[PDB]
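Asks: This is structure01.cif (mmCIF, C-alpha atoms).
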data_coords
loop_
_atom_site.group_PDB
_atom_site.id
_atom_site.type_symbol
_atom_site.label_atom_id
_atom_site.label_comp_id
_atom_site.auth_asym_id
_atom_site.auth_seq_id
_atom_site.Cartn_x
_atom_site.Cartn_y
_atom_site.Cartn_z
ATOM 1 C CA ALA A 1 -4.343 -16.954 18.103
ATOM 2 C CA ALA A 2 -4.875 -13.854 15.963
ATOM 3 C CA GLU A 3 -2.414 -11.857 18.100
ATOM 4 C CA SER A 4 0.823 -11.346 16.159
ATOM 5 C CA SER A 5 2.691 -9.816 19.112
ATOM 6 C CA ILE A 6 5.676 -11.791 20.420
ATOM 7 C CA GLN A 7 6.212 -11.804 24.184
ATOM 8 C CA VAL A 8 9.621 -12.191 25.834
ATOM 9 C CA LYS A 9 9.776 -14.028 29.155
ATOM 10 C CA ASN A 10 13.194 -12.853 30.384
ATOM 11 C CA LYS A 11 15.567 -9.961 29.696
ATOM 12 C CA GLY A 12 17.702 -11.624 27.033
ATOM 13 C CA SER A 13 19.214 -9.698 24.143
ATOM 14 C CA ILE A 14 17.670 -10.648 20.805
ATOM 15 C CA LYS A 15 20.042 -12.382 18.371
ATOM 16 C CA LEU A 16 18.453 -12.326 14.914
ATOM 17 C CA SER A 17 20.141 -14.720 12.477
ATOM 18 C CA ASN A 18 19.713 -15.402 8.749
ATOM 19 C CA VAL A 19 17.970 -12.116 7.954
ATOM 20 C CA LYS A 20 18.080 -9.524 5.181
ATOM 21 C CA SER A 21 18.548 -5.870 6.145
ATOM 22 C CA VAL A 22 16.234 -3.630 4.100
ATOM 23 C CA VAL A 23 15.785 0.058 4.899
ATOM 24 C CA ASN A 24 12.154 0.837 5.713
ATOM 25 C CA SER A 25 10.211 4.108 5.879
ATOM 26 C CA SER A 26 11.338 4.410 9.521
ATOM 27 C CA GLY A 27 14.380 3.459 11.594
ATOM 28 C CA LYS A 28 13.234 -0.166 11.698
ATOM 29 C CA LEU A 29 14.111 -2.767 9.068
ATOM 30 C CA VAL A 30 11.996 -5.275 7.134
ATOM 31 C CA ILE A 31 13.257 -8.820 6.562
ATOM 32 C CA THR A 32 12.774 -10.280 3.077
ATOM 33 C CA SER A 33 14.011 -13.787 3.985
ATOM 34 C CA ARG A 34 11.458 -16.497 4.745
ATOM 35 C CA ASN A 35 13.767 -18.421 7.105
ATOM 36 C CA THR A 36 14.492 -16.309 10.191
ATOM 37 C CA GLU A 37 15.514 -17.259 13.725
ATOM 38 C CA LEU A 38 15.619 -15.420 17.050
ATOM 39 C CA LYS A 39 17.981 -16.124 19.942
ATOM 40 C CA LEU A 40 18.200 -14.670 23.450
ATOM 41 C CA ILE A 41 21.553 -13.930 25.106
ATOM 42 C CA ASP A 42 21.416 -12.553 28.654
ATOM 43 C CA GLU A 43 24.570 -13.520 30.578
ATOM 44 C CA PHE A 44 25.865 -16.569 28.689
ATOM 45 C CA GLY A 45 25.639 -17.998 25.183
ATOM 46 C CA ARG A 46 22.783 -20.363 26.030
ATOM 47 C CA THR A 47 19.491 -19.457 24.354
ATOM 48 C CA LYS A 48 16.071 -19.721 25.980
ATOM 49 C CA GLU A 49 13.632 -18.334 23.397
ATOM 50 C CA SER A 50 13.515 -19.090 19.668
ATOM 51 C CA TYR A 51 10.032 -18.429 18.195
ATOM 52 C CA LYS A 52 9.815 -17.876 14.420
ATOM 53 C CA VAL A 53 9.496 -14.861 12.133
ATOM 54 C CA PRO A 54 7.879 -14.824 8.663
ATOM 55 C CA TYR A 55 8.885 -12.617 5.753
ATOM 56 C CA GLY A 56 7.915 -8.958 5.724
ATOM 57 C CA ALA A 57 8.225 -8.557 9.495
ATOM 58 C CA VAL A 58 9.191 -5.334 11.273
ATOM 59 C CA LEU A 59 11.366 -5.604 14.377
ATOM 60 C CA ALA A 60 10.410 -3.371 17.299
ATOM 61 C CA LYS A 61 13.950 -3.427 18.730
ATOM 62 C CA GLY A 62 17.171 -3.702 16.768
ATOM 63 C CA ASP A 63 19.404 -6.751 16.783
ATOM 64 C CA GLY A 64 21.744 -6.968 19.759
ATOM 65 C CA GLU A 65 19.593 -4.710 21.948
ATOM 66 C CA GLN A 66 19.139 -5.989 25.510
ATOM 67 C CA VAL A 67 15.346 -6.025 25.666
ATOM 68 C CA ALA A 68 14.071 -5.867 29.248
ATOM 69 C CA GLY A 69 11.504 -8.576 28.472
ATOM 70 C CA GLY A 70 7.731 -8.631 28.495
ATOM 71 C CA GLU A 71 7.567 -6.376 25.425
ATOM 72 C CA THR A 72 7.190 -7.021 21.710
ATOM 73 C CA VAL A 73 10.464 -7.231 19.786
ATOM 74 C CA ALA A 74 9.057 -7.855 16.282
ATOM 75 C CA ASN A 75 5.682 -7.075 14.715
ATOM 76 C CA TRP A 76 4.194 -8.419 11.490
ATOM 77 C CA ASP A 77 0.822 -8.904 9.848
ATOM 78 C CA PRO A 78 -0.622 -12.257 11.024
ATOM 79 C CA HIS A 79 -2.694 -12.604 7.828
ATOM 80 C CA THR A 80 -0.614 -11.126 4.983
ATOM 81 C CA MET A 81 3.056 -11.091 4.025
ATOM 82 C CA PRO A 82 3.905 -7.625 2.644
ATOM 83 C CA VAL A 83 5.891 -7.319 -0.581
ATOM 84 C CA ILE A 84 8.795 -4.887 -0.247
ATOM 85 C CA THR A 85 9.639 -2.186 -2.807
ATOM 86 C CA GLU A 86 13.252 -2.123 -3.979
ATOM 87 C CA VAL A 87 12.949 1.288 -5.688
ATOM 88 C CA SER A 88 11.620 4.350 -3.863
ATOM 89 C CA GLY A 89 9.368 6.671 -5.835
ATOM 90 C CA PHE A 90 6.180 6.679 -7.860
ATOM 91 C CA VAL A 91 4.432 3.354 -8.432
ATOM 92 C CA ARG A 92 4.398 2.410 -12.124
ATOM 93 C CA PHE A 93 1.217 0.570 -13.128
ATOM 94 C CA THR A 94 1.228 -1.095 -16.552
ATOM 95 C CA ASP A 95 -1.865 -2.215 -18.491
ATOM 96 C CA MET A 96 -4.451 -0.940 -16.010
ATOM 97 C CA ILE A 97 -7.876 -2.002 -17.315
ATOM 98 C CA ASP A 98 -10.996 -0.512 -15.719
ATOM 99 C CA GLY A 99 -14.103 -2.672 -15.377
ATOM 100 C CA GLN A 100 -12.245 -5.994 -15.664
ATOM 101 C CA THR A 101 -9.084 -5.645 -13.542
ATOM 102 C CA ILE A 102 -10.502 -2.944 -11.228
ATOM 103 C CA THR A 103 -12.567 -3.721 -8.111
ATOM 104 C CA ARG A 104 -13.729 -0.723 -6.085
ATOM 105 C CA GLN A 105 -13.780 -1.239 -2.321
ATOM 106 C CA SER A 106 -7.594 4.561 -4.120
ATOM 107 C CA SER A 107 -7.826 0.908 -3.059
ATOM 108 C CA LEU A 108 -8.240 -0.982 -6.341
ATOM 109 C CA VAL A 109 -7.373 -4.524 -7.390
ATOM 110 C CA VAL A 110 -4.496 -4.985 -9.829
ATOM 111 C CA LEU A 111 -5.576 -7.866 -12.082
ATOM 112 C CA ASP A 112 -7.061 -11.365 -12.046
ATOM 113 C CA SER A 113 -5.247 -14.259 -13.712
ATOM 114 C CA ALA A 114 -8.464 -16.245 -14.197
ATOM 115 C CA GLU A 115 -10.271 -13.254 -15.718
ATOM 116 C CA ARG A 116 -7.385 -12.526 -18.103
ATOM 117 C CA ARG A 117 -0.121 -9.838 -14.629
ATOM 118 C CA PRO A 118 2.088 -7.099 -16.089
ATOM 119 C CA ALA A 119 5.449 -6.558 -14.401
ATOM 120 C CA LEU A 120 7.050 -3.134 -14.014
ATOM 121 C CA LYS A 121 9.636 -1.422 -11.833
ATOM 122 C CA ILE A 122 8.924 1.381 -9.378
ATOM 123 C CA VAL A 123 9.551 4.801 -10.912
ATOM 124 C CA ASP A 124 12.420 6.866 -9.524
ATOM 125 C CA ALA A 125 10.631 10.219 -9.148
ATOM 126 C CA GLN A 126 7.687 10.251 -11.601
ATOM 127 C CA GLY A 127 8.162 7.855 -14.521
ATOM 128 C CA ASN A 128 11.879 7.101 -14.648
ATOM 129 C CA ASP A 129 12.975 3.506 -15.228
ATOM 130 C CA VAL A 130 15.202 1.895 -12.599
ATOM 131 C CA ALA A 131 12.724 -4.777 -10.367
ATOM 132 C CA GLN A 132 9.813 -6.991 -11.433
ATOM 133 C CA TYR A 133 6.386 -6.673 -9.803
ATOM 134 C CA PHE A 134 4.369 -9.903 -9.723
ATOM 135 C CA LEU A 135 0.589 -9.754 -9.246
ATOM 136 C CA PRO A 136 -0.920 -13.124 -8.242
ATOM 137 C CA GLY A 137 -4.625 -13.868 -7.960
ATOM 138 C CA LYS A 138 -6.654 -11.338 -5.947
ATOM 139 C CA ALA A 139 -3.582 -9.106 -5.554
ATOM 140 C CA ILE A 140 -4.576 -5.484 -4.916
ATOM 141 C CA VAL A 141 -2.414 -2.351 -4.778
ATOM 142 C CA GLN A 142 -3.925 0.654 -2.998
ATOM 143 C CA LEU A 143 -1.198 3.035 -4.237
ATOM 144 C CA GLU A 144 -2.038 4.819 -7.482
ATOM 145 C CA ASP A 145 0.471 6.040 -10.049
ATOM 146 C CA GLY A 146 2.514 9.019 -8.908
ATOM 147 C CA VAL A 147 2.062 8.243 -5.206
ATOM 148 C CA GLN A 148 5.849 8.677 -4.741
ATOM 149 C CA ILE A 149 5.967 5.911 -2.133
ATOM 150 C CA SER A 150 9.271 5.482 -0.319
ATOM 151 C CA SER A 151 11.226 2.259 0.069
ATOM 152 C CA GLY A 152 10.138 -0.003 2.904
ATOM 153 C CA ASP A 153 6.386 0.586 2.542
ATOM 154 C CA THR A 154 3.651 -1.803 1.441
ATOM 155 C CA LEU A 155 -0.116 -1.595 1.004
ATOM 156 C CA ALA A 156 -2.696 -4.283 1.695
ATOM 157 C CA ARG A 157 -2.153 -7.266 -0.598
ATOM 158 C CA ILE A 158 -5.527 -9.001 -0.014
ATOM 159 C CA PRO A 159 -4.380 -12.652 -0.217
ATOM 160 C CA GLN A 160 -6.600 -14.967 -2.242
#
Could I get this file's structure written as structure tokens?
Replies:
Amino acid sequence: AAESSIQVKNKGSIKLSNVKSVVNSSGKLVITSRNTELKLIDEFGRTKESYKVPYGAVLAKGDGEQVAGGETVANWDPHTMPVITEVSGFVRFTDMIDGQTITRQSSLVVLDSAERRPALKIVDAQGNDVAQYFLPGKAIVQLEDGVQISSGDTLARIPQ
């Protein structure tokens, strides 16, 4: 099932447990914890729906909200797990080699471990130092330097 939407059978308030609250580009929050659980409370403490939520998910409705049911409460990419940015501002790219660590599809690949992964923190405004960025195999960042990306945003990672 390629559909990443989560359906709710009955109007039970979502009870998200063991989650990390990270401010995103919008009012929603992105969870950075791999182990997450959902619980439904409607009239009593007995749960009816559990499901499971991977890392990098965005919740449609906040925790404790009495969802009417039949609507998505959390949305996430069913193919990729986004990597959150702790520092909001320009993306700092270190040791960017063209022709070897660049793959045109701007959307460009970061680096290839087999072909050769520099780690740098996100700039504050333009190039200020404020976080370690890990680039595994086939990892691609579509945000160029100076993009001034805000916290809670992620580009396509292109898993290997």
Asks: When you count only C-alpha atoms, which of these residues is closest to residue 72 (chain A): A:148, A:4, A:105, A:13?
Replies: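 Checking each candidate against residue 72 (chain A), we get A:4 as the closest.
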Asks: Any idea what's packed within 8 Å of region 39-48 of chain A, counting all atoms listed in the file, ignoring anything in its chain fewer than 5 positions away? Could you give it as a list in words?
Replies: residues 11, 12, 13, 14, 15, 16, 17 and 66 of chain A
Asks: Which residues fall under the PyMOL selection byres ((chain A and resi 101) around 6) in this file, as a VMD selection string?
Replies: chain A and resid 97 to 98 100 102 110 to 111
Asks: Rank A:156, A:73, A:31, A:6 by their smallest atom-to-atom distance to residue 60 (chain A), using all atoms listed in the file, and report the top residue only.
Replies: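 For residue 60 (chain A), the nearest of the candidates is A:73.
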Asks: Would you kindly translate the PyMOL selection byres ((chain A and resi 88) around 8) into the concrete residues it picks from this file, as a PyMOL selection string?
Replies: chain A and resi 85-87+89-90+122-125+148-151
Asks: Record the distance separating CA of residue 77 (chain A) and CA of residue 52 (chain A), expressed in Å with one decimal.
Replies: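 Between these atoms lies a distance of 13.5 Å.
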Asks: Mind pulling up the distance from CA of residue 65 (chain A) to CA of residue 28 (chain A)?
Replies: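 If I compute the distance from CA of residue 28 (chain A) to CA of residue 65 (chain A), I get 12.9 Å.
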Asks: Applied to the shown file, which residues does the PyMOL selection byres ((chain A and resi 108) around 9) return, written as number ranges by chain?
Replies: A: 101-107, 109-110, 140-144
Asks: Quick one: everything within 6 Å of region 130-132 of chain A, counting only C-alpha atoms, minus sequence neighbours fewer than 5 positions away in the same chain. Send it as a ChimeraX atom specification.
Replies: /A:119-121
